[PDB]
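Below is one structure, written out as structure tokens, with a few remarks after it.
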Amino acid sequence: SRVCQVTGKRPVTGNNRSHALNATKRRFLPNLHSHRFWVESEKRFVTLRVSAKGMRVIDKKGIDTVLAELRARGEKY
Amino acid sequence: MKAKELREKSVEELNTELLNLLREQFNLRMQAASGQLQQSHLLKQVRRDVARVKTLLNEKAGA
Amino acid sequence: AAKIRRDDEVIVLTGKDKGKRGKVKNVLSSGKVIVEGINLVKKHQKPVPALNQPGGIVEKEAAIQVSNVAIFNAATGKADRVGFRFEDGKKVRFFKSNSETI
Amino acid sequence: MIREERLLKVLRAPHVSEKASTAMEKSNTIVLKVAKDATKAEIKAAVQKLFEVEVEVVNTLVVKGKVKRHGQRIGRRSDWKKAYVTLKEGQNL
Amino acid sequence: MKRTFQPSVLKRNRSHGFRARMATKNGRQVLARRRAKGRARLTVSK
RNA sequence: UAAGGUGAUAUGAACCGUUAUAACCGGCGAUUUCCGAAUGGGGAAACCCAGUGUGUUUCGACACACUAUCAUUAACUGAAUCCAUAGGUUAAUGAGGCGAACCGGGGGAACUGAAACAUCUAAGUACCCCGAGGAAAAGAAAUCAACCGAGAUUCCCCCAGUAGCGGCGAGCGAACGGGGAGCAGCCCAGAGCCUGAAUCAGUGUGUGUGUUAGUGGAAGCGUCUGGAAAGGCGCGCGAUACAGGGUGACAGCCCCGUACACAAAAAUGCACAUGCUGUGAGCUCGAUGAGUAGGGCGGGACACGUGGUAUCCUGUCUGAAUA
RNA sequence: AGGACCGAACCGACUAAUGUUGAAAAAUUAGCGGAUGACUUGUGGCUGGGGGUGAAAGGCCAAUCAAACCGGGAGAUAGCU
RNA sequence: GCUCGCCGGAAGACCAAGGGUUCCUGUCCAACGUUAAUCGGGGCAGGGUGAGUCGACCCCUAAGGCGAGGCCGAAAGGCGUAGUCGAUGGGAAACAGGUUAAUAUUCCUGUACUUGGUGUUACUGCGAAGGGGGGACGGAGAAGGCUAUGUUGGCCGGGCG
RNA sequence: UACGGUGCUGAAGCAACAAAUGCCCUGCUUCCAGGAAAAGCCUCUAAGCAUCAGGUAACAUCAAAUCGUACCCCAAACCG
């Protein structure tokens, strides 16, 4: 499943538009990446399937507060 | 004395159920297979009695 | 409640005979009573084993409807209607316009 | 000792006394129409308790019910199981 | 000719049977459709 | 409620009661095989085979209860590795599946029309999937308006086939404002102060209104035709009942009824006057919600087809100020 | 030994005749090809429709195939009968 | 009942699939039978399938299917480990004679075979999703030794045509 | 004689020869195209148990449940 796992970006649909304004339907799937994040509090590396914008959210908020938001959202890591 | 089941509101009716089934409903089925007349109403009567004493054994654990 | 019971002297109003009067034998579930000497019919009974072995032209009572036969007032020689007026478990039937219970 | 007596209602009816049952009676065994779920051990214990006779062996057979009705209302007879219980010496039934 | 219908109860009860239908979601849909139609013989089993 | 019953084709046999326990109807309770989400494992639905624990026994074996998966929580165990952690076991609570339509969301056509067809239309329709409720969604202004002002959402009637969009073709099509239906606002990001002070649920003594059975309930007789009067001819009567259905032809007064009065053990729907429990009122002011608003590049929605194109949503890349 | 030879079962289908409102929605009767192999057959499985499979013919996919069958768009549209 | 003809590597018999009472008996001849039918696979009624040894079930696996977690998916779902299914294969054991109108390796007679539980006597290191062995596997061809079976001879019971 | 079928008795019941595509044969030979799996079965130990449990031989006893079994048997009962 292509979910950002911190912000929930999902493959969204909207059609290709040509020069002759033709509408063939395509997908806008996210920039998901599997990255291992070091947590100081639990002293353990943790993997996460995260978009690049989600890693911007990581570097802005902090790893532990977004992990606490995941645990309050009731979703496994 | 309040209900019409005072003969089955007494204690230890499981042997009454056993006497009502064992050889009673059995021999009634035996001569019903052989073929008689008062048996025709008798087996519905004893089947209803067995049902009644079974629910009286089910409604209380004291008998 | 039932206006005519098992054993009451009743008189007919409509249907073939009018003035002949008899005692009701039984009330059918469908509302067609049997009252003797009223709806006679001689049928043709087949030769069958056990019950009615030879058959014949045996007369038996046919079924008269409940609405065609009324309860006869004993005191005055008329047909009368009856109604119920009591409050506890027994409802007495009383003669209408005679006000006498049965 | 014996199995519980409320399960000793398996014996339904003996037979119609047709010539297979009666010829097999005068040779060795009685024929019983029994239950649908009665084990051979249950038929044997039921004979030895409800009748007074000991039984050597039981042969169990279930027989298909017939259709037996015409095309206006198709029916089926209920299935039943028949037991030949073997009573070799001192047969009183 | 070898005719088209060659009967086999194993193949029948594994292709169009109740358990062959209630494993798949669309089989559950066809069983519910036949229930809504009101049929007596829901599947081919009996 | 009761003098009649043991459901129908369906007669018969054998019986049960006759105002006090026949049947029938109503409330609550009891049993409820097997399959089926099927849930102990498996399977060709309605079958095969288990494990553990209690009980009975010259002993052949039986009876009952539990044992699926997942989520959350609690306890105990617990590797690579030292601590931990992953994992395993036990216990609690919940879910699963079905359902005709309505609701929200993830996807999403083509025939057809354009007298062809690709932009457009059909159409976010048909269909698939997910989820919830008795309704759902939306909902309390970073909204409209125009220098006057209205004050949340939804629904109906106009505005109006209008402004507008558009191979400016086919066609799509608002808003402002007005008349209605209903009309209730609040809370956290917060400390202190007085602190179940008013609301929201659960549970309960009691009343009222219903429901699930029902009880009374008016008044018609002669003659004629006729197989049979309910029809015809006379004389009466009831009507808060002349709605309706049968009764041997067309019945207000023959029977069920109907109008209208009455009735509830037992369980449940609303109003709660109401006792207890859980959440919390009002004075000062710190902040009033940052990878967000905005932007670049592809798209989608708004009547609006990127056009001079505002507004909303974001797949990629950036990115402020904070009354 | 042999994708050897003659020839039964078995597999197939080259010629003729009859059938063609047939015994049969491709068969019967004479002949015919292969018949230890790239054979044939029973049982169970797998591959699903712009897909499968094909010693290749648009062959076959349930007596249906230049694109299966069933239900829904759907009363498609029909300047044509 | 006597003759005649047809098949006899089946047009005989027994299994498997499939079907489901079509089997046997009494009765009937409207409807079916390409005709009548006294007859039938037809109507109606009654009867009938007997298992420790034959199959299924059971214990194992193949192709393949389902799959706790798991990996991948816009949902639906796709794949797959542990595991759990799946015979068309591998696992224990019964034959001969008789019987019914209809059942027979099932009933009866005779003679046996196999696997477990329990009790006793004597001896004693027993112990597994573990290791090993076995199960355990092809095509073709040639003997050799047999048996099922058949012919002849003897023997016996009849014939004297 | 129910005219099919029952009670009693029942002689000989042996050799030689030809015998398969069946049995030895899951054998032998030969060849390349190199010919399933697991369980039952036979041994060995691991953790454990030591007059225990368990195994082995004999004997006795008990159990082997449940389902199918009729009939069609290359067809008038299957598919047409």
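Note that each Cβ is placed from the backbone with ideal geometry, even for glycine, and that neighbours are counted across all protein chains shown. Please treat every number below as a calculation from the coordinates, not as lab data.
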Looks like the range D:9-60, by Cα gyration tensor root eigenvalues a ≥ b ≥ c and the a/c under 1.5 rounded cutoff (else prolate when a/b is bigger than b/c, oblate otherwise), is prolate
Work out how far the C-alpha atoms of chain C reach from end to end along every principal axis, then list the three figures in whole Å, largest first. 53, 31, 19
Normalising by the residue count of chain B, find the relative contact order in percent from Cα pairs under 8 Å and 6+ residues apart. 51 percent
Per its Cα gyration tensor (rounded if a/c is under 1.5, else prolate when a/b beats b/c, else oblate), chain D is best filed as oblate
Counting other chain Cβ atoms within 10 Å of each Cβ in C:69-77 and taking the mean gives 0
Please report, for the Cα atoms of the protein assembly as shown, the Rg to one decimal and the Dmax as a whole number; what are they, in angstrom? 40.9, 114
Kirkwood Rh in Å, taken over all unlike Cα pairs in the range B:2-61: 12.4 Å
Candidates per trypsin sites (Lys or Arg not before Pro) in the range D:11-47, loop by DSSP, up to 16 other Cβ within 10 Å: D:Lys36
In the range C:22-72, the GluC sites (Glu not before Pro) that fall in loop regions by DSSP, at most 14 other Cβ within 10 Å: C:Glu36
What is the count of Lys pairs in chain A whose alpha carbons sit under 23 Å apart, if the two are 8 or more places apart or on different chains? 12
For chain E, inverting the pair-averaged 1/r of distinct alpha-carbon atoms gives a Kirkwood value in Å of 11.6 Å
Please find the FRET efficiency linking D:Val16 to D:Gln91, where r is the Cβ-Cβ separation and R0 is fixed at 25 Å, and quote it to the nearest 0.05. 0.80
Computed [θ] at 222 nm, deg cm²/dmol, chain D (DSSP H ≥ 4; -39,500 (n - 2.57); rounded to nearest 500): -6500 deg cm²/dmol
Using only Cα atoms, tell me the angle between helix A:63-72 and the longest principal axis of chain A; keep it within 0 to 90° and round to the nearest 10. 80 degrees
Quick one: grab Rg to one decimal and Dmax as a whole number for chain A, Cα atoms only, in Å. 16.3, 57
Measure up C:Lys3/C:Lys60; D:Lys33/D:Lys64; D:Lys33/D:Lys88; B:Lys44/D:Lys26; D:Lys64/E:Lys2; D:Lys66/E:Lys11 against 23 Å on the Cα-Cα distance and list the ones that go over. C:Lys3/C:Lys60; B:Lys44/D:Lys26; D:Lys64/E:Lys2; D:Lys66/E:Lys11
Low-density loop positions, trypsin sites (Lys or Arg not before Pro), the range A:1-51 - DSSP coil, at most 13 other Cβ in 10 Å: A:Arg2, A:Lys43
